[PDB]
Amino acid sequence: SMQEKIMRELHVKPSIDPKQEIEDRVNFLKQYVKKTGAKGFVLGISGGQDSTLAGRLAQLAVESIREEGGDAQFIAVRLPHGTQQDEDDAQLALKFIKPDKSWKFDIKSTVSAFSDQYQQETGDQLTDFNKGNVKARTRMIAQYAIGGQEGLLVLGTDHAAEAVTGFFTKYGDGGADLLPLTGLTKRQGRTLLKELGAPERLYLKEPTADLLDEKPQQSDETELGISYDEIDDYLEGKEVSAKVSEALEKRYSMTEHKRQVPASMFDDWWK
């Protein structure tokens, strides 16, 4: 079956123990660091549910390493494109995470430099969707530049509820070193935030990528055509309406190149 198969591949647990999941995830971040010899982590904090959970997990890990006589730090970075409409959720989040360091890097001038040149080199202006993708990738560079100057690993916020729909930018938010949220559905993540004592505004707000100037704060559910509950029921093995299955299974097949390394002639996955 396709439902059962996507669950295996995305590493989804139909039932989880929040306390235990948190345990395993922080422990993973710890083991990863110790094996590599890195000095810590860096993550762009947007004020959305995903980076809030992932940031708090990195902070708890870093604190645990030091408690053990270890050396490690966490830099949380606000990556606004000028003024962020939901800037206040970003601050309410910094306040819950309590990162070792809070930096800021405005990506606007880099994105402008790029589009000006684009129009100068080609004669055509970048569509809003393409500039949106230039924004996510610029955030990736910002993150990798810091990690590269300070010796830290870049954290990814990828999880199952977006892994299934391939709802991320290849080499933008999809590019990172390690992923502490892998295999968690959207309703399960909220449940870890609840355990962690997160402020409700942070998990009650609508998920959005906010990469468009033409239509900012546009929710994911507007883009996708399904709601996260339907996606979650499916990831969790619940029997769902044929209309949800057909839909998810097609979007999942057409986004496999985002969950794989560059395609070679020796790879079957694409054949």
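Throughout, we count residues from 1 along the sequence that is shown.
As the entry records it, the average C-alpha temperature factor is higher for 197-205, out of 197-205 and 159-167.
As recorded in the PDB entry, 126-134 is the stretch of 181-189 and 126-134 with the greater mean C-alpha temperature factor. Of the candidates 237, 40, 55, 48, the one whose C-alpha carries the top B factor in the deposited record is 237. For the set 29, 65, 231, 212, the PDB entry puts the maximum C-alpha B factor at 212. Per the PDB record, residue ranking by Cα B-factor puts residue 101 in the lowest third of the chain. Ranked by C-alpha B-factor against the other modelled residues of its chain, residue 72 falls in the highest third. Per the PDB record, residue ranking by Cα B-factor puts residue 95 in the highest third of the chain. Residue-level temperature factors show residue 251 in the highest third of its chain, judged at the C-alpha atom. In this PDB entry, residue 2 carries a Cα temperature factor that places it within the highest third of its chain's modelled residues.
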